[PDB]
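Here is the file query_37.cif (mmCIF, C-alpha atoms and all ligand atoms).
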data_run
#
loop_
_atom_site.label_atom_id
_atom_site.label_comp_id
_atom_site.auth_asym_id
_atom_site.auth_seq_id
_atom_site.Cartn_x
_atom_site.Cartn_y
_atom_site.Cartn_z
CA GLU A 1 54.05 -40.48 -6.25
CA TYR A 2 53.84 -38.25 -9.34
CA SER A 3 55.56 -37.88 -12.72
CA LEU A 4 56.80 -35.36 -15.25
CA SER A 5 56.55 -36.12 -18.94
CA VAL A 6 57.33 -34.52 -22.26
CA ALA A 7 54.00 -34.21 -24.08
CA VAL A 8 53.13 -33.42 -27.70
CA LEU A 9 49.84 -33.37 -29.61
CA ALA A 10 48.24 -36.79 -30.10
CA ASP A 11 48.82 -36.66 -33.86
CA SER A 12 52.32 -35.19 -33.75
CA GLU A 13 54.96 -36.85 -35.91
CA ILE A 14 57.28 -36.55 -32.89
CA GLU A 15 58.01 -39.98 -31.41
CA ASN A 16 60.95 -39.36 -29.05
CA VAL A 17 62.68 -36.54 -27.19
CA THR A 18 65.90 -36.63 -29.23
CA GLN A 19 63.91 -35.01 -32.05
CA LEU A 20 63.29 -31.92 -29.93
CA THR A 21 65.50 -28.87 -29.45
CA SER A 22 63.33 -27.09 -26.88
CA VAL A 23 60.39 -27.65 -24.56
CA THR A 24 57.86 -25.25 -23.05
CA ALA A 25 57.56 -25.33 -19.26
CA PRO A 26 56.74 -23.16 -16.20
CA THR A 27 60.26 -22.85 -14.78
CA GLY A 28 58.96 -19.84 -12.87
CA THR A 29 56.94 -21.99 -10.47
CA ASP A 30 58.10 -25.62 -10.86
CA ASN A 31 61.78 -25.19 -11.66
CA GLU A 32 63.15 -27.90 -9.36
CA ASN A 33 61.05 -30.71 -10.84
CA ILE A 34 61.51 -29.40 -14.38
CA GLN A 35 65.31 -29.17 -14.10
CA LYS A 36 65.41 -32.73 -12.73
CA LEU A 37 63.58 -33.95 -15.82
CA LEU A 38 65.91 -32.05 -18.14
CA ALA A 39 68.98 -33.43 -16.35
CA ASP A 40 67.49 -36.92 -16.60
CA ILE A 41 66.85 -36.41 -20.33
CA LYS A 42 70.38 -35.13 -20.97
CA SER A 43 71.82 -38.11 -19.09
CA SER A 44 69.89 -41.01 -20.60
CA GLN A 45 69.39 -39.55 -24.09
CA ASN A 46 72.27 -37.08 -24.42
CA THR A 47 69.77 -34.37 -25.37
CA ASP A 48 70.03 -30.78 -24.16
CA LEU A 49 66.74 -28.89 -24.42
CA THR A 50 66.31 -25.14 -24.14
CA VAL A 51 63.28 -24.03 -22.14
CA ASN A 52 60.58 -21.70 -23.41
CA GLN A 53 59.18 -20.46 -20.11
CA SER A 54 55.41 -20.39 -19.66
CA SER A 55 53.43 -18.72 -16.88
CA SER A 56 51.96 -22.07 -15.82
CA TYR A 57 51.21 -25.65 -16.86
CA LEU A 58 47.79 -24.50 -18.08
CA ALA A 59 49.50 -21.87 -20.24
CA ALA A 60 51.95 -24.43 -21.63
CA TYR A 61 49.02 -26.68 -22.53
CA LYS A 62 47.24 -23.80 -24.28
CA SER A 63 50.40 -23.10 -26.27
CA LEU A 64 50.61 -26.77 -27.28
CA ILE A 65 47.04 -27.06 -28.54
CA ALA A 66 47.41 -23.69 -30.27
CA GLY A 67 50.41 -24.94 -32.25
CA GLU A 68 52.62 -22.26 -30.70
CA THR A 69 55.01 -24.91 -29.36
CA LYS A 70 55.83 -28.48 -30.38
CA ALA A 71 56.33 -29.94 -26.92
CA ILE A 72 55.68 -29.19 -23.27
CA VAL A 73 56.68 -30.51 -19.89
CA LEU A 74 53.72 -31.82 -17.91
CA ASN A 75 53.73 -32.50 -14.17
CA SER A 76 51.03 -35.10 -13.53
CA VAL A 77 49.73 -33.21 -10.49
CA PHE A 78 48.81 -30.30 -12.75
CA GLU A 79 46.98 -32.44 -15.28
CA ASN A 80 44.18 -32.29 -12.72
CA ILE A 81 44.37 -28.48 -12.80
CA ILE A 82 44.36 -28.34 -16.60
CA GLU A 83 41.32 -30.65 -16.49
CA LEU A 84 39.32 -27.92 -14.71
CA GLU A 85 39.25 -25.84 -17.89
CA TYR A 86 39.96 -28.60 -20.45
CA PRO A 87 38.18 -31.79 -19.38
CA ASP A 88 39.21 -33.65 -22.57
CA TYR A 89 42.92 -32.75 -22.32
CA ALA A 90 44.04 -36.40 -21.96
CA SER A 91 42.70 -37.30 -25.41
CA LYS A 92 44.45 -34.35 -27.07
CA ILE A 93 48.01 -35.37 -26.17
CA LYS A 94 50.58 -38.13 -26.15
CA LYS A 95 53.60 -38.56 -23.89
CA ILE A 96 57.01 -39.43 -25.37
CA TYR A 97 59.23 -39.37 -22.26
CA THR A 98 58.30 -40.07 -18.64
CA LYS A 99 60.11 -39.72 -15.33
CA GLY A 100 58.65 -40.96 -12.07
CA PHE A 101 59.15 -38.96 -8.88
CA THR A 102 58.39 -39.82 -5.27
CA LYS A 103 57.79 -37.74 -2.16
CA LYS A 104 56.37 -38.35 1.29
CA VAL A 105 53.65 -35.89 2.22
CA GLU A 106 53.67 -34.09 5.58
CA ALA A 107 55.88 -35.63 8.25
CA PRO A 108 54.00 -35.74 11.57
CA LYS A 109 54.89 -33.08 14.13
CA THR A 110 54.75 -34.34 17.71
CA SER A 111 53.42 -31.68 20.08
CA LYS A 112 55.70 -30.84 23.00
CA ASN A 113 52.66 -30.20 25.20
CA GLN A 114 49.11 -31.29 26.00
CA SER A 115 47.56 -29.93 22.79
CA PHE A 116 47.69 -30.90 19.13
CA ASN A 117 45.95 -30.10 15.85
CA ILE A 118 44.58 -32.66 13.38
CA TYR A 119 43.46 -31.63 9.88
CA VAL A 120 40.56 -33.57 8.39
CA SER A 121 40.33 -33.47 4.59
CA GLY A 122 37.19 -34.81 2.93
CA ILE A 123 37.65 -35.51 -0.76
CA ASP A 124 34.93 -35.04 -3.36
CA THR A 125 35.03 -38.49 -4.97
CA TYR A 126 34.20 -42.19 -4.77
CA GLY A 127 36.72 -44.99 -5.28
CA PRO A 128 40.34 -45.58 -4.23
CA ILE A 129 41.64 -43.03 -1.75
CA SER A 130 44.61 -42.31 -4.04
CA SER A 131 42.23 -40.59 -6.47
CA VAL A 132 43.14 -36.93 -6.93
CA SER A 133 40.36 -34.46 -6.25
CA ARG A 134 39.47 -31.20 -4.58
CA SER A 135 39.00 -31.15 -0.81
CA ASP A 136 35.47 -29.92 -0.10
CA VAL A 137 35.69 -30.66 3.62
CA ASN A 138 38.41 -28.89 5.58
CA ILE A 139 38.09 -29.24 9.32
CA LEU A 140 40.72 -28.52 11.95
CA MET A 141 40.39 -30.41 15.22
CA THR A 142 42.25 -28.74 18.08
CA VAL A 143 42.64 -31.17 20.96
CA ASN A 144 43.79 -30.41 24.51
CA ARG A 145 44.34 -33.63 26.47
CA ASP A 146 44.74 -31.72 29.74
CA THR A 147 41.50 -29.76 29.73
CA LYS A 148 39.74 -32.51 27.77
CA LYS A 149 38.51 -29.96 25.26
CA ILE A 150 38.13 -30.24 21.50
CA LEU A 151 37.54 -27.38 19.06
CA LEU A 152 36.31 -28.07 15.54
CA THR A 153 37.17 -25.24 13.15
CA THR A 154 35.50 -25.46 9.75
CA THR A 155 36.82 -23.49 6.80
CA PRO A 156 34.34 -23.34 3.90
CA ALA A 157 35.46 -25.02 0.67
CA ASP A 158 35.06 -21.73 -1.21
CA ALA A 159 37.20 -19.72 1.22
CA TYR A 160 39.38 -17.40 -0.86
CA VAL A 161 42.87 -17.77 0.57
CA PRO A 162 46.53 -17.92 -0.52
CA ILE A 163 47.10 -21.53 -1.57
CA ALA A 164 50.51 -22.88 -0.51
CA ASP A 165 52.99 -24.97 -2.48
CA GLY A 166 51.58 -25.78 -5.92
CA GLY A 167 49.16 -22.89 -5.42
CA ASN A 168 52.15 -20.55 -5.51
CA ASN A 169 50.67 -18.62 -2.56
CA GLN A 170 48.13 -17.03 -4.90
CA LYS A 171 44.50 -16.61 -3.86
CA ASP A 172 41.99 -19.29 -4.82
CA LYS A 173 39.22 -21.33 -3.23
CA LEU A 174 40.55 -23.56 -0.43
CA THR A 175 39.11 -26.69 -1.99
CA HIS A 176 41.55 -26.42 -4.93
CA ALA A 177 44.48 -26.91 -2.52
CA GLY A 178 43.38 -30.53 -2.25
CA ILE A 179 44.23 -31.03 -5.92
CA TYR A 180 47.85 -29.98 -5.36
CA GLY A 181 47.87 -32.45 -2.47
CA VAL A 182 47.14 -32.77 1.24
CA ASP A 183 50.47 -31.02 1.84
CA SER A 184 49.13 -27.94 0.06
CA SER A 185 45.91 -27.97 2.09
CA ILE A 186 47.81 -28.38 5.35
CA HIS A 187 50.27 -25.58 4.66
CA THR A 188 47.46 -23.34 3.40
CA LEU A 189 45.60 -23.67 6.70
CA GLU A 190 48.77 -23.40 8.79
CA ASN A 191 49.44 -20.06 7.11
CA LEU A 192 45.84 -18.87 7.39
CA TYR A 193 45.43 -19.65 11.09
CA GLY A 194 49.05 -19.32 12.24
CA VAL A 195 49.29 -22.73 13.90
CA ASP A 196 51.18 -25.97 13.36
CA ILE A 197 49.10 -28.86 12.11
CA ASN A 198 50.47 -31.97 13.80
CA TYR A 199 48.63 -34.65 11.83
CA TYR A 200 46.13 -35.12 9.03
CA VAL A 201 43.48 -37.61 7.99
CA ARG A 202 42.29 -37.74 4.37
CA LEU A 203 39.20 -39.63 3.29
CA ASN A 204 36.68 -39.67 0.44
CA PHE A 205 33.04 -40.73 0.01
CA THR A 206 33.93 -44.41 -0.05
CA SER A 207 36.16 -44.10 3.02
CA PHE A 208 33.42 -42.31 4.96
CA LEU A 209 30.88 -44.99 4.09
CA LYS A 210 33.11 -47.81 5.33
CA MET A 211 33.83 -45.95 8.57
CA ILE A 212 30.17 -45.31 9.39
CA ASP A 213 29.28 -48.94 8.60
CA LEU A 214 32.16 -50.23 10.72
CA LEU A 215 31.04 -48.10 13.67
CA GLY A 216 27.43 -49.30 13.47
CA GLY A 217 26.09 -45.99 12.19
CA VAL A 218 25.98 -42.76 14.20
CA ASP A 219 23.49 -40.85 16.34
CA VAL A 220 22.83 -37.11 16.09
CA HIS A 221 20.27 -34.53 17.14
CA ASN A 222 18.84 -32.81 14.07
CA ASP A 223 17.75 -29.20 14.58
CA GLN A 224 15.81 -28.64 11.35
CA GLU A 225 13.78 -30.89 9.08
CA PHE A 226 15.52 -31.38 5.73
CA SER A 227 16.02 -33.82 2.86
CA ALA A 228 19.27 -34.67 1.08
CA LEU A 229 20.39 -36.00 -2.31
CA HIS A 230 17.32 -34.93 -4.29
CA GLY A 231 14.84 -36.16 -1.70
CA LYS A 232 16.34 -39.62 -1.27
CA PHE A 233 16.80 -39.17 2.48
CA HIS A 234 14.55 -37.27 4.87
CA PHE A 235 15.62 -36.13 8.33
CA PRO A 236 13.00 -34.99 10.85
CA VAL A 237 13.63 -32.83 13.90
CA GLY A 238 14.88 -34.81 16.90
CA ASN A 239 17.26 -37.68 17.56
CA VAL A 240 18.23 -39.47 14.35
CA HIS A 241 20.23 -42.63 13.73
CA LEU A 242 22.21 -42.53 10.48
CA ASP A 243 23.49 -45.55 8.57
CA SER A 244 26.37 -45.10 6.11
CA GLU A 245 24.33 -43.84 3.13
CA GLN A 246 22.09 -41.57 5.23
CA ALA A 247 25.10 -40.07 7.01
CA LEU A 248 26.75 -39.30 3.68
CA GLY A 249 23.60 -37.49 2.56
CA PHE A 250 23.42 -35.77 5.94
CA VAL A 251 26.89 -34.24 5.52
CA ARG A 252 26.43 -33.31 1.83
CA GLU A 253 23.15 -31.34 1.67
CA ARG A 254 23.49 -27.57 1.56
CA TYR A 255 21.01 -25.58 -0.55
CA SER A 256 17.77 -26.32 1.33
CA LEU A 257 19.21 -25.60 4.78
CA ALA A 258 18.16 -22.37 6.51
CA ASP A 259 21.78 -21.19 6.66
CA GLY A 260 23.12 -23.08 3.64
CA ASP A 261 26.79 -24.03 3.71
CA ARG A 262 27.10 -22.89 7.33
CA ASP A 263 24.39 -25.33 8.38
CA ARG A 264 26.06 -28.06 6.32
CA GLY A 265 29.27 -27.28 8.20
CA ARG A 266 27.38 -27.69 11.48
CA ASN A 267 25.90 -30.99 10.33
CA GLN A 268 29.42 -32.22 9.53
CA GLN A 269 30.47 -31.19 13.04
CA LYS A 270 27.54 -33.11 14.54
CA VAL A 271 28.66 -36.21 12.66
CA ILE A 272 32.26 -35.80 13.85
CA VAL A 273 31.06 -35.62 17.45
CA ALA A 274 28.93 -38.72 16.86
CA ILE A 275 31.88 -40.61 15.34
CA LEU A 276 34.04 -39.61 18.32
CA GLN A 277 31.40 -40.97 20.67
CA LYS A 278 31.59 -44.35 18.92
CA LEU A 279 35.40 -44.30 18.68
CA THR A 280 35.75 -43.68 22.42
CA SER A 281 33.47 -46.55 23.39
CA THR A 282 35.33 -49.23 25.34
CA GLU A 283 34.58 -51.78 22.61
CA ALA A 284 36.10 -49.54 19.94
CA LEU A 285 39.13 -48.61 22.03
CA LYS A 286 39.79 -52.24 22.91
CA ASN A 287 39.42 -53.24 19.26
CA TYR A 288 41.25 -50.30 17.67
CA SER A 289 43.60 -52.67 15.80
CA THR A 290 40.60 -54.14 13.98
CA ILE A 291 39.43 -50.61 13.12
CA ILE A 292 42.88 -49.77 11.75
CA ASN A 293 42.89 -53.01 9.71
CA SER A 294 39.39 -52.25 8.42
CA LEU A 295 40.05 -48.67 7.29
CA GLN A 296 43.77 -48.58 6.43
CA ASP A 297 43.28 -49.06 2.67
CA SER A 298 40.70 -46.26 2.39
CA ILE A 299 41.94 -43.60 4.82
CA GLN A 300 45.25 -41.78 4.53
CA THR A 301 46.90 -40.41 7.67
CA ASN A 302 50.32 -39.49 9.03
CA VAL A 303 49.29 -40.22 12.62
CA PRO A 304 51.95 -42.69 13.81
CA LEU A 305 50.81 -46.09 15.07
CA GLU A 306 52.57 -45.34 18.35
CA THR A 307 50.50 -42.17 18.67
CA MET A 308 47.22 -43.98 18.04
CA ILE A 309 48.16 -46.54 20.67
CA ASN A 310 48.98 -43.80 23.20
CA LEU A 311 45.73 -41.94 22.54
CA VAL A 312 43.65 -45.12 22.73
CA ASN A 313 45.24 -46.55 25.87
CA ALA A 314 45.18 -43.19 27.67
CA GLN A 315 41.44 -43.01 27.01
CA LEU A 316 40.98 -46.65 28.07
CA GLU A 317 42.58 -46.07 31.47
CA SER A 318 41.38 -42.57 32.34
CA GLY A 319 38.02 -42.69 30.58
CA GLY A 320 36.15 -39.39 30.70
CA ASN A 321 34.46 -37.40 27.95
CA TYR A 322 35.89 -34.57 25.88
CA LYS A 323 33.69 -31.50 25.54
CA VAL A 324 33.44 -30.39 21.91
CA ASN A 325 32.96 -26.84 20.64
CA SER A 326 32.65 -25.70 17.04
CA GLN A 327 33.20 -22.61 14.90
CA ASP A 328 33.36 -21.67 11.22
CA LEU A 329 35.25 -19.02 9.27
CA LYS A 330 32.82 -16.41 7.95
CA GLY A 331 32.86 -14.48 4.70
CA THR A 332 30.97 -12.94 1.79
CA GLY A 333 30.23 -14.72 -1.48
CA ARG A 334 31.55 -13.05 -4.64
CA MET A 335 31.69 -13.84 -8.37
CA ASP A 336 34.23 -11.21 -9.43
CA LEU A 337 37.50 -12.48 -7.92
CA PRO A 338 40.01 -14.45 -10.02
CA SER A 339 40.74 -18.14 -9.49
CA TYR A 340 44.46 -18.81 -9.79
CA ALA A 341 43.85 -22.39 -10.97
CA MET A 342 41.03 -21.44 -13.37
CA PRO A 343 41.96 -17.96 -14.67
CA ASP A 344 39.41 -18.00 -17.51
CA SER A 345 36.32 -18.85 -15.46
CA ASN A 346 34.04 -16.81 -13.21
CA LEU A 347 33.86 -18.80 -9.96
CA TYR A 348 31.99 -18.31 -6.71
CA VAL A 349 34.42 -17.69 -3.85
CA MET A 350 34.01 -16.57 -0.25
CA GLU A 351 35.99 -13.47 0.63
CA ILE A 352 37.12 -13.91 4.23
CA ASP A 353 35.72 -11.67 6.96
CA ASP A 354 38.77 -10.30 8.80
CA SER A 355 37.03 -9.89 12.15
CA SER A 356 35.91 -13.53 11.95
CA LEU A 357 39.43 -14.67 11.13
CA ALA A 358 40.72 -12.88 14.23
CA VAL A 359 38.07 -14.55 16.41
CA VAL A 360 38.69 -18.00 14.91
CA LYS A 361 42.46 -17.66 15.42
CA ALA A 362 41.98 -16.53 19.02
CA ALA A 363 39.70 -19.47 19.82
CA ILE A 364 42.21 -21.96 18.47
CA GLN A 365 44.92 -20.39 20.65
CA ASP A 366 42.59 -20.39 23.67
CA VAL A 367 41.81 -24.11 23.48
CA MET A 368 45.46 -24.95 22.81
CA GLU A 369 46.56 -22.91 25.81
CA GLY A 370 43.83 -24.12 28.16
CA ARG A 371 41.90 -20.84 28.31
CA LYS A 372 38.11 -20.55 28.17
CA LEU A 373 36.40 -19.65 24.89
CA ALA A 374 34.91 -16.19 24.38
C1 LIG A 401 42.11 -41.96 18.80
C2 LIG A 401 41.08 -42.23 19.85
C3 LIG A 401 40.32 -43.52 19.83
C4 LIG A 401 40.83 -41.31 20.80
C5 LIG A 401 41.61 -40.01 20.80
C6 LIG A 401 41.11 -39.05 21.86
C7 LIG A 401 40.10 -38.08 21.28
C8 LIG A 401 38.76 -37.91 21.94
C9 LIG A 401 40.37 -37.38 20.17
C10 LIG A 401 41.68 -37.51 19.44
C11 LIG A 401 41.45 -37.23 17.96
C12 LIG A 401 41.78 -38.47 17.15
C13 LIG A 401 42.98 -39.31 17.49
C14 LIG A 401 41.01 -38.81 16.11
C15 LIG A 401 39.81 -37.96 15.77
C16 LIG A 401 39.22 -38.41 14.44
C17 LIG A 401 37.76 -38.72 14.66
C18 LIG A 401 37.27 -39.03 16.04
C19 LIG A 401 36.91 -38.73 13.64
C20 LIG A 401 37.43 -38.42 12.26
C21 LIG A 401 36.26 -38.07 11.36
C22 LIG A 401 36.74 -38.26 9.95
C23 LIG A 401 37.99 -39.03 9.69
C24 LIG A 401 36.04 -37.74 8.93
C25 LIG A 401 34.78 -36.95 9.16
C26 LIG A 401 34.63 -36.07 7.93
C27 LIG A 401 33.17 -35.89 7.58
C28 LIG A 401 32.18 -35.53 8.65
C29 LIG A 401 32.78 -36.02 6.31
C30 LIG A 401 33.75 -36.37 5.20
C31 LIG A 401 33.38 -35.47 4.03
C32 LIG A 401 33.47 -36.16 2.69
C33 LIG A 401 34.22 -37.45 2.53
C34 LIG A 401 32.88 -35.57 1.64
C35 LIG A 401 32.14 -34.27 1.84
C36 LIG A 401 31.97 -33.54 0.51
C37 LIG A 401 30.96 -32.43 0.64
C38 LIG A 401 31.03 -31.43 1.74
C39 LIG A 401 29.98 -32.32 -0.27
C40 LIG A 401 29.87 -33.31 -1.40
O1 LIG A 401 30.11 -32.62 -2.62
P1 LIG A 401 28.89 -32.13 -3.55
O2 LIG A 401 27.73 -33.24 -3.57
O3 LIG A 401 29.46 -31.87 -5.04
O4 LIG A 401 28.35 -30.87 -2.99
#

Show this structure as structure tokens.
Ligand SMILES: CC(C)=CCC/C(C)=C\CC/C(C)=C\CC/C(C)=C\CC/C(C)=C\CC/C(C)=C\CC/C(C)=C\CC/C(C)=C\COP(=O)(O)O
Amino acid sequence: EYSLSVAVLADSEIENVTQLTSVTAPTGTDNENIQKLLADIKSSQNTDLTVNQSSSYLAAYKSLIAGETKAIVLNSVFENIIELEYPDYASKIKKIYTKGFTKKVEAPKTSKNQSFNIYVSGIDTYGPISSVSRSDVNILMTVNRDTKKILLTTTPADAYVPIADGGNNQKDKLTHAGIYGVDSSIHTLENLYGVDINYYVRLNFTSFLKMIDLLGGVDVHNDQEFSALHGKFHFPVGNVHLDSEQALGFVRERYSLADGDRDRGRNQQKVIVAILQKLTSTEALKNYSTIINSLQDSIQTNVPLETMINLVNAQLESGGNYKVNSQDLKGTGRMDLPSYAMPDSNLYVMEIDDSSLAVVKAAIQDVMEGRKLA
């Protein structure tokens, strides 16, 4: 659910598209959508516009505010990209023609064998799940139902990788993929790790809170004393029970941890294991429908109902615990590499360590294939 519009400056005398002869747009990277809009304009308004190609939607916007063009095409998805460098962009423009588009995100891929991959996207925002934002949590869960093994692979938010789809396969921090959509994030990680991602789950701060509450909190073993959210929550060494708000702090704190983002990644993994322990309780399995009802409006997923039912009932009958292992893609922080989405800013990114990538890829394959980890 997105839209393309013809936009002009807020104070432009232009009121409707029939007054235009041309429009500036990135036909180099969004030609299909753009051409649909132009065909729709020619049909309902009998107006044929020539296109002044721009290198991107950001570039088109710059041209507009610079007075170098009268009108641009704007794909709503990319308004969120423009906002990264121009937070007040919305107030600078008006829209004089709008076309709604619709697309389903990733279709689910059913695995032909005992193993599947689920991508967990954690969005940096409160409120309705439909809110567009970057994906600061990017965890792949490789599950093998035969060996009863799970592998959690964390990819840091700042990982500098080719971003698929809207990212135009250009390098940027992984978290930006989330802005283009869950599709972009999924395809980005499929390409990086060379595996099919069967399903995804997408949730934000508000979704996470409801889930923890619903489950009655979660229990973890904390390895190092730390505090989160400017000292609001304190976590001692030892077994800790986390309510919704504590758990959210627990998975967010980074800077004060001995190993920074890597330790935060491990804390997130601890919480996932704890959630899984609650979700595979007999009470939870028996009452899965209530859990679906309770979380459906705040958590997006393409896992089919039929699949959930199979997974739940299989666990109900067979019982038995999954063993969980974890890993994280390693790299080196840098300030001198360009961000495709934010070309004018110096950003911190993590340049991937190639030897680590090889190891991470091999481990995913091992668990999928039922081989022991190195
Ligand atoms: C289905 C069933 C009952 C059994 C199936 C059999 C088994 C054992 C496994 C099958 C797997 C299945 C079906 C489901 C697994 C899913 C599962 C158990 C748990 C899912 C956990 C989920 C959905 C989310 C966890 C994500 C998590 C830990 C945190 C979310 C992160 C969020 C929302 C925000 C983080 C943002 C962040 C890192 C920092 C905040 O930003 P700043 O403050 O600016 O720095």

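Between residue 180 in chain A and the candidates A:248, A:38, A:195, A:81, the tightest atom-to-atom separation, counting only C-alpha atoms, involves A:81.
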
Contact table chain A vs ligand LIG 401 (chain A), cut-off 6 Å, shortest pair per residue, only C-alpha atoms and all ligand atoms, as a Markdown table:
| residue | atom | partner | partner_atom | distance |
| --- | --- | --- | --- | --- |
| A:122 | CA | A:LIG401 | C32 | 4.0 |
| A:123 | CA | A:LIG401 | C33 | 5.1 |
| A:124 | CA | A:LIG401 | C36 | 5.1 |
| A:136 | CA | A:LIG401 | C38 | 5.0 |
| A:137 | CA | A:LIG401 | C38 | 5.1 |
| A:201 | CA | A:LIG401 | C23 | 5.9 |
| A:203 | CA | A:LIG401 | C33 | 5.5 |
| A:204 | CA | A:LIG401 | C33 | 3.9 |
| A:205 | CA | A:LIG401 | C33 | 4.3 |
| A:208 | CA | A:LIG401 | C33 | 5.5 |
| A:252 | CA | A:LIG401 | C39 | 4.2 |
| A:268 | CA | A:LIG401 | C28 | 4.4 |
| A:271 | CA | A:LIG401 | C28 | 5.4 |
| A:272 | CA | A:LIG401 | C28 | 5.2 |
| A:275 | CA | A:LIG401 | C19 | 5.6 |
| A:276 | CA | A:LIG401 | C18 | 4.0 |
| A:279 | CA | A:LIG401 | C3 | 5.1 |
| A:280 | CA | A:LIG401 | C3 | 5.3 |
| A:285 | CA | A:LIG401 | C3 | 5.7 |
| A:308 | CA | A:LIG401 | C1 | 5.5 |
| A:311 | CA | A:LIG401 | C5 | 4.9 |
| A:312 | CA | A:LIG401 | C3 | 4.7 |
| A:322 | CA | A:LIG401 | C8 | 5.9 |

Write the residues you've just listed into a file as an mmCIF file, in the frame of the given file, and include C-alpha atoms for each of them.
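Ended up saving to result-v5.cif:
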data_model
loop_
_atom_site.group_PDB
_atom_site.id
_atom_site.type_symbol
_atom_site.label_atom_id
_atom_site.label_comp_id
_atom_site.auth_asym_id
_atom_site.auth_seq_id
_atom_site.Cartn_x
_atom_site.Cartn_y
_atom_site.Cartn_z
ATOM 1 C CA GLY A 122 37.190 -34.810 2.930
ATOM 2 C CA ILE A 123 37.650 -35.510 -0.760
ATOM 3 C CA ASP A 124 34.930 -35.040 -3.360
ATOM 4 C CA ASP A 136 35.470 -29.920 -0.100
ATOM 5 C CA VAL A 137 35.690 -30.660 3.620
ATOM 6 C CA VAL A 201 43.480 -37.610 7.990
ATOM 7 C CA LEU A 203 39.200 -39.630 3.290
ATOM 8 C CA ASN A 204 36.680 -39.670 0.440
ATOM 9 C CA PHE A 205 33.040 -40.730 0.010
ATOM 10 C CA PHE A 208 33.420 -42.310 4.960
ATOM 11 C CA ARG A 252 26.430 -33.310 1.830
ATOM 12 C CA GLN A 268 29.420 -32.220 9.530
ATOM 13 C CA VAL A 271 28.660 -36.210 12.660
ATOM 14 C CA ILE A 272 32.260 -35.800 13.850
ATOM 15 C CA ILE A 275 31.880 -40.610 15.340
ATOM 16 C CA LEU A 276 34.040 -39.610 18.320
ATOM 17 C CA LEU A 279 35.400 -44.300 18.680
ATOM 18 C CA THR A 280 35.750 -43.680 22.420
ATOM 19 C CA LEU A 285 39.130 -48.610 22.030
ATOM 20 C CA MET A 308 47.220 -43.980 18.040
ATOM 21 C CA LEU A 311 45.730 -41.940 22.540
ATOM 22 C CA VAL A 312 43.650 -45.120 22.730
ATOM 23 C CA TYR A 322 35.890 -34.570 25.880
#

Shell around residue 331 in chain A at 12 Å using all atoms listed in the file, local window under 5 positions removed, as an MDAnalysis selection string: chainID A and resid 155:161 261:262 349:357

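The shell of residues at most 12 Å from residue 345 in chain A, with only C-alpha atoms counted and near chain neighbours (fewer than 2 positions) removed, consists of residues 84, 85, 86, 335, 336, 337, 338, 339, 340, 341, 342, 343, 347, 348 and 349 of chain A.
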
Who sits within 7 Å of residue 326 in chain A, all atoms listed in the file, same chain under 4 positions skipped, as a ChimeraX atom specification: /A:151-153

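For the pair CA of residue 149 in chain A and CA of residue 288 in chain A, the interatomic distance is 21.9 Å.
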
Residues near residue 184 in chain A, cut-off 9 Å, all atoms listed in the file, skip fewer than 3 positions along chain, as JSON, numbers by chain: {"A": [163, 164, 165, 166, 167, 177, 178, 179, 180, 181, 187, 188, 189]}

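Interatomic distance, CA of residue 323 in chain A to CA of residue 150 in chain A: 6.1 Å.
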
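With only C-alpha atoms as the atoms that count, the residue of A:62, A:286, A:145, A:36 with the shortest distance to residue 344 in chain A is A:62.
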
Between CA of residue 198 in chain A and CA of residue 265 in chain A - distance in Å to one decimal: 22.4 Å

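Nearest to residue 359 in chain A of all the residues A:239, A:77, A:278, A:193 is A:193, counting all atoms listed in the file.
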
Neighbour list for residue 90 in chain A as a ChimeraX atom specification, cut-off 12 Å, all atoms listed in the file, skip fewer than 5 positions in-chain: /A:7-10,61,65,74,76,79-80,82-83,95

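Minimum atom-to-atom distance to residue 13 in chain A, evaluated using all atoms listed in the file, belongs to A:71 out of A:291, A:71, A:229, A:364.
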
Build an axis-aligned box that encloses every atom of range 85-103 of chain A listed in the file, pad it by 6 Å on each side, and report its centre and edge lengths in Å to one decimal, as lines of an AutoDock Vina configuration file.
center_x = 49.1
center_y = -33.4
center_z = -14.6
size_x = 33.9
size_y = 27.1
size_z = 36.9

Counting only C-alpha atoms, which residues of range 183-295 of chain A fall within 7 Å of range 96-120 of chain A, and what is the closest atom pair for each with its distance in Å at one decimal, ordered by chain and rising number, as a Markdown table?
| residue | atom | partner | partner_atom | distance |
| --- | --- | --- | --- | --- |
| A:183 | CA | A:106 | CA | 5.8 |
| A:197 | CA | A:117 | CA | 5.0 |
| A:198 | CA | A:109 | CA | 4.6 |
| A:199 | CA | A:118 | CA | 4.8 |
| A:200 | CA | A:119 | CA | 4.5 |
| A:201 | CA | A:120 | CA | 5.0 |
| A:202 | CA | A:120 | CA | 6.0 |

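Considering the residues A:171, A:294, A:240, A:260 and counting all atoms listed in the file, residue 214 in chain A has its shortest atom-to-atom contact with A:294.
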